[PDB]
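protein_16.txt, holding compact mmCIF, C-alpha atoms:
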# COMPACT_ATOMS: atom_id res chain seq x y z
CA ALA A 1 -19.05 -23.95 2.72
CA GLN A 2 -20.18 -26.50 5.29
CA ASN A 3 -21.41 -23.65 7.52
CA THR A 4 -24.70 -24.42 5.79
CA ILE A 5 -28.18 -25.17 7.19
CA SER A 6 -31.25 -26.67 5.56
CA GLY A 7 -34.57 -28.26 6.34
CA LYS A 8 -37.36 -30.29 4.76
CA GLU A 9 -41.00 -29.20 4.36
CA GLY A 10 -41.78 -25.85 5.97
CA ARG A 11 -44.26 -22.98 6.15
CA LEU A 12 -43.63 -19.19 6.16
CA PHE A 13 -45.97 -16.87 8.07
CA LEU A 14 -46.55 -13.20 7.28
CA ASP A 15 -47.42 -11.65 10.62
CA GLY A 16 -49.67 -14.66 11.28
CA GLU A 17 -51.00 -15.77 7.92
CA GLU A 18 -49.51 -18.94 6.50
CA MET A 19 -48.72 -18.11 2.88
CA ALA A 20 -46.82 -20.92 1.14
CA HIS A 21 -46.03 -24.50 1.98
CA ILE A 22 -42.41 -24.12 0.99
CA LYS A 23 -40.52 -27.36 0.43
CA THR A 24 -36.79 -27.92 0.48
CA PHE A 25 -34.85 -24.85 1.56
CA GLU A 26 -31.20 -24.32 2.42
CA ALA A 27 -29.73 -21.23 4.07
CA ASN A 28 -26.24 -20.07 5.02
CA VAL A 29 -25.35 -18.29 8.27
CA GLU A 30 -22.81 -15.67 7.21
CA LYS A 31 -19.44 -15.96 8.93
CA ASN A 32 -18.27 -12.36 8.90
CA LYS A 33 -15.45 -10.53 10.64
CA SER A 34 -14.81 -10.75 14.37
CA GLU A 35 -16.94 -13.76 15.34
CA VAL A 36 -15.41 -17.17 15.89
CA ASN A 37 -18.27 -19.65 15.39
CA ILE A 38 -21.59 -17.84 14.93
CA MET A 39 -23.73 -20.84 14.02
CA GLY A 40 -22.27 -23.41 16.36
CA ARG A 41 -23.44 -21.28 19.25
CA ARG A 42 -27.00 -20.37 18.30
CA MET A 43 -28.34 -23.87 17.81
CA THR A 44 -26.84 -24.67 21.18
CA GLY A 45 -26.36 -21.39 23.00
CA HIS A 46 -27.02 -17.74 23.83
CA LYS A 47 -25.48 -15.39 21.32
CA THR A 48 -25.83 -12.14 19.41
CA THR A 49 -29.13 -11.68 17.63
CA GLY A 50 -26.93 -12.15 14.58
CA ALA A 51 -27.24 -15.35 12.57
CA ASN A 52 -28.00 -13.08 9.63
CA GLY A 53 -27.46 -14.67 6.25
CA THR A 54 -28.45 -15.59 2.72
CA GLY A 55 -30.03 -18.64 1.22
CA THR A 56 -32.33 -20.31 -1.24
CA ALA A 57 -35.50 -22.35 -1.17
CA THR A 58 -38.15 -23.78 -3.44
CA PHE A 59 -41.88 -23.49 -3.01
CA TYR A 60 -44.32 -26.40 -3.20
CA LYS A 61 -47.70 -24.79 -3.93
CA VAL A 62 -48.68 -21.19 -4.68
CA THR A 63 -51.95 -19.69 -3.53
CA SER A 64 -53.35 -17.17 -6.00
CA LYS A 65 -54.14 -15.06 -2.96
CA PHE A 66 -50.48 -14.96 -1.99
CA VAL A 67 -49.29 -14.04 -5.49
CA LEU A 68 -51.85 -11.25 -5.78
CA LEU A 69 -50.85 -10.34 -2.26
CA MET A 70 -47.18 -10.07 -3.19
CA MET A 71 -48.20 -8.00 -6.20
CA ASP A 72 -49.89 -5.43 -4.00
CA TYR A 73 -46.57 -5.34 -2.20
CA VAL A 74 -44.25 -4.86 -5.14
CA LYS A 75 -46.77 -2.26 -6.21
CA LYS A 76 -45.95 -0.20 -3.12
CA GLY A 77 -42.46 -1.27 -4.04
CA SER A 78 -41.56 -2.97 -0.82
CA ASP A 79 -40.39 -6.37 0.34
CA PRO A 80 -42.12 -7.85 3.40
CA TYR A 81 -40.54 -9.90 6.17
CA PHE A 82 -41.92 -13.42 6.38
CA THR A 83 -40.98 -15.93 9.08
CA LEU A 84 -40.05 -19.31 7.63
CA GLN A 85 -40.68 -22.12 10.10
CA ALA A 86 -39.65 -25.56 8.80
CA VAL A 87 -38.38 -28.92 9.98
CA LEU A 88 -34.61 -29.34 10.29
CA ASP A 89 -32.99 -31.96 8.06
CA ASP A 90 -29.57 -32.49 9.62
CA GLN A 91 -28.79 -36.13 8.92
CA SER A 92 -25.96 -36.14 11.45
CA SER A 93 -28.78 -36.24 14.02
CA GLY A 94 -26.52 -34.89 16.74
CA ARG A 95 -29.77 -35.04 18.71
CA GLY A 96 -32.88 -35.92 16.74
CA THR A 97 -35.23 -33.62 14.78
CA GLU A 98 -36.12 -30.05 15.71
CA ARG A 99 -37.97 -27.10 14.14
CA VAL A 100 -35.99 -24.35 12.49
CA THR A 101 -37.34 -20.86 12.14
CA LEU A 102 -35.72 -18.18 9.98
CA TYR A 103 -36.50 -14.78 11.35
CA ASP A 104 -37.01 -12.15 8.72
CA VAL A 105 -36.40 -14.30 5.67
CA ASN A 106 -37.05 -11.94 2.76
CA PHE A 107 -37.38 -12.40 -1.01
CA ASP A 108 -37.98 -9.96 -3.84
CA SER A 109 -41.74 -9.55 -4.23
CA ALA A 110 -41.70 -9.58 -8.02
CA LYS A 111 -39.61 -12.74 -7.97
CA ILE A 112 -42.52 -14.33 -6.13
CA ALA A 113 -45.33 -12.91 -8.28
CA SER A 114 -43.43 -14.49 -11.16
CA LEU A 115 -44.14 -17.96 -9.77
CA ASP A 116 -47.29 -18.19 -11.89
CA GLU A 117 -36.92 -21.06 -11.94
CA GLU A 118 -38.31 -22.44 -8.65
CA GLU A 119 -35.23 -21.85 -6.51
CA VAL A 120 -35.86 -18.48 -5.03
CA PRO A 121 -33.21 -16.46 -3.20
CA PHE A 122 -33.97 -14.79 0.11
CA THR A 123 -32.19 -13.30 3.06
CA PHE A 124 -33.09 -14.08 6.64
CA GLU A 125 -31.76 -11.88 9.44
CA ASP A 126 -31.64 -14.59 12.09
CA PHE A 127 -32.15 -18.34 12.41
CA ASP A 128 -33.24 -20.60 15.26
CA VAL A 129 -33.87 -24.19 16.42
CA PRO A 130 -36.34 -23.65 19.32
CA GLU A 131 -38.04 -26.99 19.87
CA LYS A 132 -37.48 -30.64 19.14
CA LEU A 133 -40.45 -32.47 17.65
CA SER A 134 -43.29 -35.00 17.85
CA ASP A 135 -42.09 -35.97 21.33
CA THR A 136 -41.79 -39.72 21.86
CA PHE A 137 -42.57 -40.21 18.17
CA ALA B 1 -33.50 -13.84 -12.20
CA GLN B 2 -33.57 -14.72 -15.89
CA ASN B 3 -30.52 -12.48 -16.44
CA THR B 4 -28.68 -15.79 -16.04
CA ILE B 5 -26.12 -17.53 -18.28
CA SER B 6 -24.80 -21.09 -18.25
CA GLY B 7 -22.91 -23.55 -20.37
CA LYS B 8 -22.22 -27.24 -20.79
CA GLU B 9 -18.81 -28.92 -20.50
CA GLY B 10 -16.02 -26.39 -20.08
CA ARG B 11 -12.35 -26.01 -19.19
CA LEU B 12 -10.62 -23.31 -17.08
CA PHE B 13 -7.04 -22.24 -17.83
CA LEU B 14 -4.58 -20.77 -15.36
CA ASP B 15 -2.36 -18.53 -17.46
CA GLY B 16 -2.14 -21.30 -20.07
CA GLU B 17 -2.42 -24.53 -18.14
CA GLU B 18 -5.69 -26.44 -18.34
CA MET B 19 -6.56 -27.33 -14.76
CA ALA B 20 -10.04 -28.91 -14.50
CA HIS B 21 -12.59 -30.21 -16.95
CA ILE B 22 -15.44 -28.36 -15.32
CA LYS B 23 -18.88 -29.68 -16.25
CA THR B 24 -22.13 -27.76 -15.82
CA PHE B 25 -21.60 -24.17 -14.71
CA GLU B 26 -24.08 -21.29 -14.34
CA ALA B 27 -23.23 -17.60 -13.88
CA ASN B 28 -25.14 -14.38 -13.33
CA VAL B 29 -24.20 -11.05 -14.93
CA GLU B 30 -24.88 -8.55 -12.18
CA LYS B 31 -27.37 -5.84 -13.12
CA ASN B 32 -26.21 -2.95 -10.97
CA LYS B 33 -27.06 0.75 -10.86
CA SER B 34 -26.93 2.98 -13.92
CA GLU B 35 -26.80 0.37 -16.70
CA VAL B 36 -29.87 -0.56 -18.73
CA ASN B 37 -29.14 -3.99 -20.21
CA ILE B 38 -25.56 -5.06 -19.46
CA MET B 39 -25.77 -8.65 -20.73
CA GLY B 40 -27.94 -8.18 -23.79
CA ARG B 41 -25.22 -5.97 -25.24
CA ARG B 42 -22.04 -7.95 -24.63
CA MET B 43 -23.14 -11.14 -26.32
CA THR B 44 -24.12 -8.95 -29.24
CA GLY B 45 -22.24 -5.69 -28.94
CA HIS B 46 -19.43 -3.41 -27.77
CA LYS B 47 -19.75 -2.41 -24.16
CA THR B 48 -18.02 -1.61 -20.88
CA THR B 49 -15.49 -4.20 -19.76
CA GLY B 50 -18.03 -4.82 -17.02
CA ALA B 51 -20.15 -7.96 -17.23
CA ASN B 52 -18.76 -8.63 -13.78
CA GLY B 53 -20.82 -11.18 -11.83
CA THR B 54 -21.21 -14.13 -9.49
CA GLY B 55 -21.95 -17.73 -10.28
CA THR B 56 -21.57 -21.39 -9.50
CA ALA B 57 -20.26 -24.46 -11.20
CA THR B 58 -19.44 -28.09 -10.59
CA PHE B 59 -16.21 -29.82 -11.52
CA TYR B 60 -16.05 -33.15 -13.38
CA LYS B 61 -12.57 -34.52 -12.56
CA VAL B 62 -9.87 -33.24 -10.21
CA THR B 63 -6.18 -33.63 -10.94
CA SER B 64 -4.09 -34.20 -7.83
CA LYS B 65 -1.65 -31.75 -9.33
CA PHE B 66 -4.34 -29.08 -9.36
CA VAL B 67 -5.39 -29.69 -5.77
CA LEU B 68 -1.81 -29.60 -4.55
CA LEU B 69 -1.40 -26.55 -6.77
CA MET B 70 -4.34 -24.81 -5.13
CA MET B 71 -2.93 -25.70 -1.74
CA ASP B 72 0.31 -23.86 -2.47
CA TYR B 73 -1.95 -20.93 -3.29
CA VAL B 74 -4.07 -20.89 -0.16
CA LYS B 75 -0.72 -21.28 1.59
CA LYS B 76 0.36 -17.89 0.28
CA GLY B 77 -3.21 -16.99 1.12
CA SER B 78 -4.21 -15.85 -2.31
CA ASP B 79 -6.90 -16.64 -4.84
CA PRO B 80 -5.70 -16.91 -8.48
CA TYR B 81 -7.69 -15.83 -11.54
CA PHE B 82 -8.63 -18.64 -13.89
CA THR B 83 -10.26 -18.23 -17.30
CA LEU B 84 -13.23 -20.53 -17.73
CA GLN B 85 -13.83 -21.39 -21.35
CA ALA B 86 -16.93 -23.51 -21.95
CA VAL B 87 -19.59 -24.24 -24.54
CA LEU B 88 -22.77 -22.16 -24.21
CA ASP B 89 -26.01 -24.00 -23.47
CA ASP B 90 -28.71 -21.51 -24.45
CA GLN B 91 -31.58 -23.68 -25.67
CA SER B 92 -33.36 -20.73 -27.24
CA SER B 93 -30.66 -21.06 -29.92
CA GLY B 94 -31.12 -17.47 -31.04
CA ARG B 95 -28.25 -18.37 -33.38
CA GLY B 96 -26.64 -21.78 -32.82
CA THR B 97 -23.90 -22.80 -30.34
CA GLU B 98 -20.96 -20.58 -29.32
CA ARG B 99 -18.12 -20.64 -26.81
CA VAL B 100 -18.42 -18.68 -23.61
CA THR B 101 -15.42 -17.51 -21.66
CA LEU B 102 -15.54 -16.06 -18.14
CA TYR B 103 -12.65 -13.74 -17.68
CA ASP B 104 -11.20 -13.76 -14.22
CA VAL B 105 -13.44 -16.39 -12.66
CA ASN B 106 -12.19 -16.88 -9.14
CA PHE B 107 -12.96 -19.42 -6.41
CA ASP B 108 -11.74 -19.74 -2.86
CA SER B 109 -8.55 -21.80 -2.94
CA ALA B 110 -9.35 -23.84 0.14
CA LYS B 111 -12.80 -24.57 -1.21
CA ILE B 112 -11.08 -26.25 -4.12
CA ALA B 113 -8.43 -28.10 -2.14
CA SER B 114 -11.39 -29.55 -0.23
CA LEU B 115 -12.56 -31.35 -3.38
CA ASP B 116 -10.61 -34.44 -2.32
CA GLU B 117 -20.50 -30.18 -1.93
CA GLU B 118 -19.54 -30.09 -5.63
CA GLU B 119 -21.27 -26.83 -6.54
CA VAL B 120 -18.50 -24.39 -6.00
CA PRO B 121 -19.02 -20.61 -6.01
CA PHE B 122 -16.86 -18.22 -8.02
CA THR B 123 -16.85 -14.65 -9.24
CA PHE B 124 -15.82 -13.84 -12.78
CA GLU B 125 -15.06 -10.22 -13.65
CA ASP B 126 -16.27 -10.40 -17.26
CA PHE B 127 -17.97 -12.79 -19.63
CA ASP B 128 -17.89 -13.26 -23.41
CA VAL B 129 -19.25 -15.28 -26.40
CA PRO B 130 -16.39 -14.81 -28.91
CA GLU B 131 -16.85 -17.55 -31.47
CA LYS B 132 -19.52 -19.93 -32.73
CA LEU B 133 -18.56 -23.58 -33.10
Take the structure in this file and express it as structure tokens.
Amino acid sequence: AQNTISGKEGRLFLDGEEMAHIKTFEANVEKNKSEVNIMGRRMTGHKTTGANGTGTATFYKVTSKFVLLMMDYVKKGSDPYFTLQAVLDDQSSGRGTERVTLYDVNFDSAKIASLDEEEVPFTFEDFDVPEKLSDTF
Amino acid sequence: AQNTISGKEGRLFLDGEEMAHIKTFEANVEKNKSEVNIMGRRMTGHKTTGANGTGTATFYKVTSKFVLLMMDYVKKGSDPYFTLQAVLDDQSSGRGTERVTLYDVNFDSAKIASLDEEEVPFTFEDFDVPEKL
């Protein structure tokens, strides 16, 4: 419901290579079973490496390279783990503006090769808000 | 992916009572396991009572009655099964324009009481395109 999380303009890196300037994206930390407030205490706190969840996001541009890359992946019939590192867009501004990373976000290869709708599903295995941003500006 | 389904202006009935003029809605027949083309042959054909799936939809207006009704439901901690009967919006127009019903669509009570975002989730247990229009 409101246990959501989203951020403006971001980039996802496959083991180091930037591979898509992904725009608006919005995830959802899953609130499952015995765990009071998973999200609350991850943005601000030490907790289980949980923060696993589902989500959706739309890409801005698509590099041929990337597509072809993804193809070689779906060929081997596997889905890779990219790391999506964007800019948080919480308007509440409980603080200011920090970077959000989504460890192990993961889409269906094919679904990506098909990029050339735009809202693609994906499932990160952990989320994070490590640093603030453009200090003093 | 494209195994989607959606329809313009619709209405969901709880055992006979209309309870929300739900606008745009968009479901997703789940393609699971041993089952070639589930959807394809349900719109046009006899098949398993499957066509179970997940989806999303946004409501147009919300009757206080309904909200309060839903509240009495979440009270008893249960989620009721509504029948969403809308008008199909397939632009391809393989035929024309038919009604689409979503047997046993079901949202989270609370989620609905909270109506007074708008895209609410729900999980029908079967879909259908019975008549034209």
List every residue of chain A that has an atom at most 9 Å from any atom of chain B, giving for each one its closest atom pair and the distance in Å to one decimal, counting only C-alpha atoms, sorted by chain and then by ascending residue number, as CSV.
residue,atom,partner,partner_atom,distance
A:1,CA,B:111,CA,7.4
A:2,CA,B:117,CA,8.1
A:111,CA,B:1,CA,7.5
A:117,CA,B:1,CA,8.0
A:120,CA,B:1,CA,8.9
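Atom CA of residue A:100 to atom CA of residue A:35 spans 22.0 Å [interatomic distance, one decimal].
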>> What's around stretch 125-129 of chain B at 10 Å? Count all atoms listed in the file, leave out sequence neighbours fewer than 4 positions away in its own chain, and write the answer as a VMD selection string.
In response: chain B and resid 5 27 to 29 39 42 to 44 48 to 54 81 83 to 88 97 to 106
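Between atom CA of residue B:91 and atom CA of residue A:122 there is a distance of 27.4 Å.
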>> Taking 6 positions as the minimum chain separation for residues in the same chain, which residues sit within 9 Å of residue A:57 when counting only C-alpha atoms? Answer as JSON, numbers by chain.
In response: {"A": [22, 23, 24, 25, 26, 27, 118, 119, 120, 121, 122]}
Residues within 8 Å of residue A:82, only C-alpha atoms, excluding chain neighbours under 4 positions, as a compact mmCIF listing (two decimals) with C-alpha atoms, in the frame of the given file:
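What ended up in selection.txt:
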# COMPACT_ATOMS: atom_id res chain seq x y z
CA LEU A 12 -43.63 -19.19 6.16
CA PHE A 13 -45.97 -16.87 8.07
CA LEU A 14 -46.55 -13.20 7.28
CA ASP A 15 -47.42 -11.65 10.62
CA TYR A 103 -36.50 -14.78 11.35
CA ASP A 104 -37.01 -12.15 8.72
CA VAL A 105 -36.40 -14.30 5.67
CA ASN A 106 -37.05 -11.94 2.76
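Computed from the coordinates, the atom CA of residue B:58 to atom CA of residue B:122 distance equals 10.5 Å.
Of the listed residues A:79, A:89, A:108, A:128, the one whose atoms come nearest to residue A:38 is A:128, with distances taken using only C-alpha atoms.
Shortest separation to residue A:4 among A:88, A:112, A:36, A:69 occurs at residue A:88, atoms counted being only C-alpha atoms.
Counting only C-alpha atoms, the residue from B:18, B:90, B:95, B:110 that sits nearest to residue B:77 is B:110.
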> So which residues are close to (-48.6, -17.6, 5.6), meaning at most 12 Å away in the file's coordinates with all atoms listed in the file counted, and can you show them as a PyMOL selection string?
Replying inline: chain A and resi 10-22+61-63+65-67+69-70+80-85
>> For residue A:136, find every residue with an atom within 12 Å (counting all atoms listed in the file), except residues of its own chain fewer than 3 positions away, and show them as a count of residues only.
In response: 4
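Of the listed residues (A:8, A:33, A:75, A:41), A:8 comes nearest to residue A:60; the distances count all atoms listed in the file.
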